[PDB]
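Structure first, commentary second.
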Amino acid sequence: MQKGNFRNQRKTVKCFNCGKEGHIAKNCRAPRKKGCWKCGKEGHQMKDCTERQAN
RNA sequence: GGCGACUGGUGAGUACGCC
Ligand SMILES: [Zn+2]
Ligand SMILES: [Zn+2]
């Protein structure tokens, strides 16, 4: 919860974007330009996802 | 450490790159 929690990076962090460890989304090494990391469709984003809990 | 880039869908910045 605390910001200091991120200090876990000292022993590998948890990227809440890619999921990988060692780094954080804040600075993910994902060589991506722009894509929906919610569905997995490049060109758009989650905020612009087509399957966003919409019936 | 600094910077750059970025995204903020991003912990706030340094995992990357370099020295
Ligand atoms: Zn990542
Ligand atoms: Zn989508």
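We're sticking with Swiss-Prot numbering for chain A, so the shown stretch reads 378-432, in order.
Each Cβ is built from the backbone N, Cα and C atoms, and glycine gets one as well.
Listed features, source Swiss-Prot:
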MOD_RES   A:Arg387  asymmetric dimethylarginine
MOD_RES   A:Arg409  asymmetric dimethylarginine
ZN_FING   A:390-407  zinc finger
ZN_FING   A:411-428  zinc finger
List the Cα distance (Å, whole number) between A:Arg409 (asymmetric dimethylarginine) and A:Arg387 (asymmetric dimethylarginine).
26
Same-chain residue ranges lying at least 6 outside the zinc finger (A:411-428) that approach it to Cβ under 8 Å:
394-395
Can you tell me whether DSSP puts A:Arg409 (asymmetric dimethylarginine) in helix, strand or coil?
coil
